């Protein structure tokens, strides 16, 4: 009997180039068969009708019925690569930051402003022209304002008077741009936000991609917060810069992977003030346009599957 690896995610993810490149490589494992769950089945069929698997790779993105994935895993009890219940928490920046703190992982100093939907101005935010006070905690500009929903990428940065004031409004890339300047200096007045201290980097973000706690690919890209113009290469892809993680950062990746129980895990690091701060944990994410990552990721995942399941299948594995 072949060991079945089931892939359960939205078609946009399951049919992405990185996914296809990696699944083709996992399929090279002699005793592993890959089954990709059709999106129509995921959305419209009860979990009792979903394909069987022995190892489940499943992850939430927009429109994914996480409730069904959880029910499926409870019904079939497969070996789960990326924990499903943790994926509820990953959708909430407050829950993400709570986990990071609990694990002794450096992150920006932050405060949560929750607005009870029924009451607009019954909250504890005091605003000055160059600072905010959130539940009594002071944040001098520059500071960062993030929607509590991790799926909401409308992150704002507020400039001090000394730099001309106003704000930088980040958003999901639309064409050539990832942010825009706004003359608006006052914070958003509806919704719930995390406020945090701006960490000064060299103008790049470090993107980290784990495959288990002992493997992490990192690369850097221009921070959207600089001017907002996306750097693109001749082929039209966003420019990336080489990164090698130092010992502290490799430990960070180990902690993030295990703490969130996401074997495959993407997160952001800000290299600032001689340290590295996690500002975002996204969960399941593959590196794009790296053949070597495809090779490495497929090999590691296949090895994890074999290590875990080969005994019960009576397959030799050393």
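Positions refer to the first chain, counted from 1. Definition used throughout: the rigid core is the maximal C-alpha set that superposes within 1.5 Å between two forms.
Greater C-alpha displacement in 9 other deposited structures of this protein (rigid core superposition, RMS over structures and residues), of 235-243 versus 183-191: 235-243. Comparing 202-210 with 120-128 by root mean square Cα distance to the shown form in 9 other deposited structures of this protein, with the rigid core used for the fit, gives 120-128 as the more displaced stretch. Note on 302-310 vs 20-28: mean CA B-factor is higher in 302-310. Set 111-119 against 202-210 and average the Cα temperature factors; 111-119 ends up higher. The PDB entry assigns the greatest CA B-factor among 132, 90, 244, 75 to 75.
Within the listed group 99, 194, 220, 125, the record reports its top CA B-factor for 125. Among the modelled residues of its chain, residue 145 has a C-alpha B-factor that falls in the lowest third according to the deposited record.
In this PDB entry, the Cα temperature factor of residue 176 sits in the top third of its chain's modelled residues, the highest group. Ranked within its chain, residue 81 lands in the middle third, by CA B factor from the PDB record. For residue 3, the recorded CA temperature factor ranks within the highest third of the chain's modelled residues. Among the modelled residues of its chain, residue 151 has a C-alpha B-factor that falls in the middle third, as given in the PDB entry.
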